[PDB]
Structure formats: structure tokens, C-alpha cells
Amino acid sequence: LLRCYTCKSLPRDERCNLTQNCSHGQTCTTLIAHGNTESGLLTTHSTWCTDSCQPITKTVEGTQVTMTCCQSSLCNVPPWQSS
């Protein structure tokens, strides 16, 4: 029994206030996306419960994507945000 932040696509300086109870084996993940849009450049963060995540940093069509993993309640927050 672990609780993770579960927030689809939040702006950089928004904190997440939705959480889920993950199931047998699951860990906390966070996907950060930084790149350009029609309306200016944008850092977004997405959070959820996952089975085996691998962290990555990859650049994919000009927008930088980073995935992070962790195994404690409410640990999946963007690297510039606090618990």
C-alpha cells in the first residue's frame, strides 16, 4: 500500500493535489516535458502509479522528456518542487 500523485499534464509551477493508492508491485513515477508550443514554451509534469518504470532523459522532436521513479508515498513531485 503506497500513495502516489496522479496528475495529468500540470504547468511547471502548479502543485499536484490528486493521489491514488497503487496496487501490488507498483511505484511512483513523474514525467517532465519541456519544449515549445504555439503559445510560448512550456514545462509540464505528469504523475502516476506504474509497474516497472525505467527513468530516462530523451529529446524526442525538440522537446526534452525526463522520467523519474521512487518507492514512497507522495514522493513523485517535480525536481524543483518539495514534499
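Don't overthink the numbering: it's just position in the shown sequence, from 1.
Remark: residue 29 belongs to the lowest third of its chain, ranked by C-alpha B-factor as recorded. In the deposited entry, the Cα temperature factor of residue 57 sits in the bottom third of values across the chain's modelled residues.
Among all modelled residues in this chain, the alpha-carbon of residue 47 has a temperature factor (C-alpha) in the lowest third.
Residue-level temperature factors show residue 18 in the highest third of its chain, judged at the C-alpha atom.
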